[PDB]
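Following this are structure 1 and structure 2, which are two forms of one protein chain, each written alone as structure tokens.
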Structure 1
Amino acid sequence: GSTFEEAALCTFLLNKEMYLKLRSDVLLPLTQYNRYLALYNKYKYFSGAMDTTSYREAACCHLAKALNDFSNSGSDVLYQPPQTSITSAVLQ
């Protein structure tokens, strides 16, 4: 929801406390979290074959991917939203 979407655009320390709040915020709707993990791969390595390059949607996937890596690590990491681009915004 809002919490996750707005958090995906921030730079923050991803730790147990933060992982809990953001991961919970995307438990519902159900398929929500898995869709963002499916799109991370496209948005990161196969951006060329994408007829939708929403920056917010990209950020949500970058955060989802980060929560996932943390769920298999427990090691705190600095989360950073994906690089913005004014030339990318003017081109759709």
Structure 2
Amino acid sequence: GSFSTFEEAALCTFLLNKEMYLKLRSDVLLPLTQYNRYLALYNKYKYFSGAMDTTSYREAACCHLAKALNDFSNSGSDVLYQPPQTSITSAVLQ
């Protein structure tokens, strides 16, 4: 599997396993300071949901992915990653 950018990965559904963990937690994909900022912000964005085409949704997605990567770093357990909750109705009303 592959992901052109960290932010793209955060917007997609995918199986987070060891291969994808090591690709996504790379400093050339996303520097450590920015990864840690997303991780620190997870609680603020934990239950955010809405249309996908907003700045806050993209930020929330990055925080969700950072948290999922942190979970994998501790557990080593494969998990299905999904981006923040959205809906077709959210998209049409945006």
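Only residues modelled in both forms are compared. Throughout, residue numbering runs from 1 along the sequence of structure 1. Heads up, when I say rigid core I mean the largest set of C-alphas that superpose within 1.5 Å between the two forms.
Novice: Using the rigid core as the reference frame, would you say residue 26 shifts its C-alpha by 2 Å or more between structure 1 and structure 2?
Specialist: It does, since the residue 26 C-alpha is displaced 2 Å or more between structure 1 and structure 2 after the core fit.
Novice: Cα of residue 53 displaced 2 Å or more between structure 1 and structure 2, core superposed?
Specialist: Yes, residue 53 moves 2 Å or more.
Novice: Core-aligned, what's the Cα displacement of residue 44 between structure 1 and structure 2 in Å?
Specialist: On core superposition, this C-alpha lies 1.6 Å from its counterpart.
Novice: Rigid core superposed, residue 84 Cα shift between structure 1 and structure 2 in Å?
Specialist: The shift comes out to 2.2 Å.
Novice: Taking the rigid core as fixed, quantify in angstrom how much the C-alpha of residue 74 shifts between structure 1 and structure 2.
Specialist: Displacement of the C-alpha, rigid core superposed: 0.5 Å.
Novice: Superposing on the rigid core, where do three or more consecutive Cα atoms all move 2 Å or more between structure 1 and structure 2?
Specialist: Runs found: 25-30, 45-53, 84-92, listed by sequence.
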